[PDB]
>>> print(open('data_35.cif').read())   # mmCIF, C-alpha atoms
data_model
#
loop_
_atom_site.label_atom_id
_atom_site.label_comp_id
_atom_site.auth_asym_id
_atom_site.auth_seq_id
_atom_site.Cartn_x
_atom_site.Cartn_y
_atom_site.Cartn_z
CA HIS A 2 -0.01 10.28 -6.17
CA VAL A 3 1.92 7.75 -8.37
CA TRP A 4 5.26 6.65 -6.88
CA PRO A 5 8.00 4.76 -8.72
CA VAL A 6 9.13 1.74 -6.67
CA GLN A 7 12.46 3.28 -5.79
CA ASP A 8 10.75 6.54 -4.58
CA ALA A 9 8.12 4.68 -2.52
CA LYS A 10 10.97 2.77 -0.80
CA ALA A 11 13.31 5.76 -0.24
CA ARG A 12 10.45 7.95 1.04
CA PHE A 13 8.28 5.22 2.54
CA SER A 14 7.36 7.17 5.64
CA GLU A 15 6.19 10.11 3.47
CA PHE A 16 4.34 7.66 1.16
CA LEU A 17 2.45 6.27 4.22
CA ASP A 18 1.67 9.74 5.64
CA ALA A 19 0.43 10.83 2.19
CA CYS A 20 -1.83 7.76 2.11
CA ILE A 21 -3.43 8.71 5.41
CA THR A 22 -3.65 12.50 4.88
CA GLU A 23 -4.34 12.65 1.10
CA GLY A 24 -5.74 9.25 0.11
CA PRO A 25 -4.61 6.13 -1.78
CA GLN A 26 -1.06 6.32 -3.16
CA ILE A 27 -0.15 4.19 -6.20
CA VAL A 28 3.19 2.40 -6.68
CA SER A 29 4.40 1.96 -10.29
CA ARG A 30 7.28 -0.09 -11.72
CA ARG A 31 8.85 1.22 -14.95
CA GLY A 32 5.78 3.48 -15.37
CA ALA A 33 3.22 0.65 -14.98
CA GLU A 34 0.87 0.71 -11.93
CA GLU A 35 1.43 -2.28 -9.63
CA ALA A 36 -0.14 -1.66 -6.22
CA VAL A 37 -1.85 1.00 -4.11
CA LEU A 38 -1.47 1.90 -0.43
CA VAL A 39 -4.95 2.51 1.01
CA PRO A 40 -5.78 3.82 4.49
CA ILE A 41 -7.02 0.85 6.54
CA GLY A 42 -10.47 2.32 7.36
CA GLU A 43 -11.10 3.20 3.72
CA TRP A 44 -10.10 -0.32 2.69
CA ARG A 45 -12.56 -1.90 5.15
CA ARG A 46 -15.31 0.49 4.06
CA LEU A 47 -14.77 -0.19 0.38
CA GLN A 48 -14.95 -3.93 0.99
CA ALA A 49 -18.34 -3.37 2.73
CA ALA A 50 -19.56 -1.05 -0.08
CA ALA A 51 -18.60 -3.59 -2.80
CA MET B 1 -2.82 -9.54 5.49
CA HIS B 2 0.57 -10.13 7.13
CA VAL B 3 1.40 -6.95 9.09
CA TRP B 4 4.59 -5.00 8.49
CA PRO B 5 5.88 -2.26 10.83
CA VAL B 6 6.67 0.89 8.85
CA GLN B 7 10.43 0.49 9.17
CA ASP B 8 10.29 -3.13 7.97
CA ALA B 9 8.06 -2.41 4.98
CA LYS B 10 10.60 0.30 4.07
CA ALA B 11 13.73 -1.80 4.60
CA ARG B 12 12.27 -4.83 2.79
CA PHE B 13 10.11 -2.86 0.34
CA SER B 14 10.76 -5.22 -2.60
CA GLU B 15 9.63 -8.20 -0.49
CA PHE B 16 6.60 -6.26 0.82
CA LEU B 17 5.53 -5.40 -2.75
CA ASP B 18 6.21 -8.96 -3.91
CA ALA B 19 4.07 -10.38 -1.11
CA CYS B 20 1.22 -7.98 -2.11
CA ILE B 21 1.27 -9.38 -5.65
CA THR B 22 1.81 -13.05 -4.83
CA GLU B 23 -0.25 -13.40 -1.67
CA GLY B 24 -2.58 -10.44 -1.41
CA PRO B 25 -3.11 -7.24 0.60
CA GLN B 26 -0.31 -6.55 3.09
CA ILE B 27 -0.99 -4.37 6.17
CA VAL B 28 1.41 -1.67 7.33
CA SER B 29 1.49 -0.65 11.01
CA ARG B 30 2.96 2.24 13.04
CA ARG B 31 3.28 2.00 16.80
CA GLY B 32 1.90 -1.53 16.59
CA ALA B 33 -1.41 -0.29 15.17
CA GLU B 34 -2.71 -1.18 11.67
CA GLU B 35 -2.64 1.97 9.51
CA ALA B 36 -2.82 1.08 5.82
CA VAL B 37 -2.88 -1.80 3.37
CA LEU B 38 -0.94 -2.35 0.14
CA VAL B 39 -3.39 -3.81 -2.38
CA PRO B 40 -2.69 -5.18 -5.89
CA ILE B 41 -3.78 -2.37 -8.18
CA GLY B 42 -6.18 -4.55 -10.25
CA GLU B 43 -7.95 -5.71 -7.11
CA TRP B 44 -8.37 -2.10 -5.97
CA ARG B 45 -9.75 -1.00 -9.37
CA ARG B 46 -12.32 -3.80 -9.32
CA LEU B 47 -13.33 -2.92 -5.76
CA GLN B 48 -13.77 0.73 -6.88
CA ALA B 49 -15.94 -0.33 -9.82
CA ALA B 50 -18.15 -2.55 -7.60
CA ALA B 51 -18.59 0.13 -4.91
#
>>> encode(input="data_35.cif", output="structure tokens")
Amino acid sequence: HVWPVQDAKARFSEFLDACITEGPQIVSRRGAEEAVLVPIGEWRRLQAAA
Amino acid sequence: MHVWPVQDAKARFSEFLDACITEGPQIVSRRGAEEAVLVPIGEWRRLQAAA
């Protein structure tokens, strides 16, 4: 579930489907986490739960 | 919370990621419907801890 930047770009459609079918997918740059793609409903729900 | 169609987030991935970090969560759409959001990782971790 951690994708190097170049992999998240080259396989972006797979990265987005994995987000929706498996859960949040992290993007890393040179092995350091940078961002995470979160399904939109889950994002909204987390904001309400926080 | 700018919205990027899937093909545009892919083609301009570096810009999409940069906007996430410099401006905040960026939405990705398919078929003109919001599907997911790219969130700075630190913001996500703090959200997780608070929920």
>>> interface_residues(input="data_35.cif", of="chain A", to="chain B", cutoff="6 Å", atoms="only C-alpha atoms", output="list in words")
residues 10, 13, 35, 36, 37, 38, 39, 40, 41, 50 and 51 of chain A
>>> atom_distance(input="data_35.cif", atom1="atom CA of residue A:11", atom2="atom CA of residue B:4")
16.4 Å
>>> residues_around(input="data_35.cif", residues="stretch 4-6 of chain A", least_positions_apart="4", cutoff="7 Å", atoms="all atoms listed in the file", output="list in words")
residues 10, 27, 28, 29 and 30 of chain A
>>> atom_distance(input="data_35.cif", atom1="atom CA of residue A:46", atom2="atom CA of residue A:26")
17.0 Å
>>> atom_distance(input="data_35.cif", atom1="atom CA of residue A:18", atom2="atom CA of residue B:15")
20.6 Å
>>> build_atoms(input="data_35.cif", residues="stretch 18-31 of chain A", atoms="N, CA, C and O atoms", output="mmCIF file, in the coordinates of the input")
data_model
loop_
_atom_site.group_PDB
_atom_site.id
_atom_site.type_symbol
_atom_site.label_atom_id
_atom_site.label_comp_id
_atom_site.auth_asym_id
_atom_site.auth_seq_id
_atom_site.Cartn_x
_atom_site.Cartn_y
_atom_site.Cartn_z
ATOM 1 N N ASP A 18 2.430 8.559 5.167
ATOM 2 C CA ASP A 18 1.670 9.740 5.640
ATOM 3 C C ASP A 18 0.786 10.314 4.543
ATOM 4 O O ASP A 18 -0.312 10.800 4.834
ATOM 5 N N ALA A 19 1.258 10.290 3.280
ATOM 6 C CA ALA A 19 0.430 10.830 2.190
ATOM 7 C C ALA A 19 -0.828 9.976 2.037
ATOM 8 O O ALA A 19 -1.909 10.478 1.773
ATOM 9 N N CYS A 20 -0.663 8.661 2.171
ATOM 10 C CA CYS A 20 -1.830 7.760 2.110
ATOM 11 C C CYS A 20 -2.910 8.177 3.126
ATOM 12 O O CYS A 20 -4.094 8.318 2.822
ATOM 13 N N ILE A 21 -2.467 8.429 4.357
ATOM 14 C CA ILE A 21 -3.430 8.710 5.410
ATOM 15 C C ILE A 21 -3.976 10.146 5.324
ATOM 16 O O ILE A 21 -5.166 10.380 5.644
ATOM 17 N N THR A 22 -3.151 11.113 4.901
ATOM 18 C CA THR A 22 -3.650 12.500 4.880
ATOM 19 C C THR A 22 -4.267 12.907 3.556
ATOM 20 O O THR A 22 -5.099 13.849 3.539
ATOM 21 N N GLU A 23 -3.864 12.247 2.448
ATOM 22 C CA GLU A 23 -4.340 12.650 1.100
ATOM 23 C C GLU A 23 -5.201 11.608 0.432
ATOM 24 O O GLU A 23 -6.057 11.963 -0.389
ATOM 25 N N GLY A 24 -4.982 10.341 0.752
ATOM 26 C CA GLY A 24 -5.740 9.250 0.110
ATOM 27 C C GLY A 24 -4.813 8.254 -0.559
ATOM 28 O O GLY A 24 -3.592 8.381 -0.538
ATOM 29 N N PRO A 25 -5.389 7.226 -1.179
ATOM 30 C CA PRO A 25 -4.610 6.130 -1.780
ATOM 31 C C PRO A 25 -3.444 6.621 -2.614
ATOM 32 O O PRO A 25 -3.600 7.560 -3.437
ATOM 33 N N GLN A 26 -2.291 5.965 -2.441
ATOM 34 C CA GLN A 26 -1.060 6.320 -3.160
ATOM 35 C C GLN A 26 -0.653 5.103 -4.003
ATOM 36 O O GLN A 26 -0.511 4.009 -3.452
ATOM 37 N N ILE A 27 -0.479 5.306 -5.317
ATOM 38 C CA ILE A 27 -0.150 4.190 -6.200
ATOM 39 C C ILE A 27 1.347 3.995 -6.295
ATOM 40 O O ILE A 27 2.101 4.994 -6.271
ATOM 41 N N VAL A 28 1.782 2.734 -6.396
ATOM 42 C CA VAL A 28 3.190 2.400 -6.680
ATOM 43 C C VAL A 28 3.249 1.865 -8.112
ATOM 44 O O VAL A 28 2.460 0.983 -8.453
ATOM 45 N N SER A 29 4.194 2.394 -8.898
ATOM 46 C CA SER A 29 4.400 1.960 -10.290
ATOM 47 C C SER A 29 5.798 1.381 -10.445
ATOM 48 O O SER A 29 6.727 1.762 -9.715
ATOM 49 N N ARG A 30 5.965 0.473 -11.408
ATOM 50 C CA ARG A 30 7.280 -0.090 -11.720
ATOM 51 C C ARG A 30 7.488 0.142 -13.223
ATOM 52 O O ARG A 30 6.655 -0.280 -14.027
ATOM 53 N N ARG A 31 8.550 0.881 -13.560
ATOM 54 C CA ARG A 31 8.850 1.220 -14.950
ATOM 55 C C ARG A 31 7.620 1.855 -15.630
ATOM 56 O O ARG A 31 7.318 1.573 -16.827
#
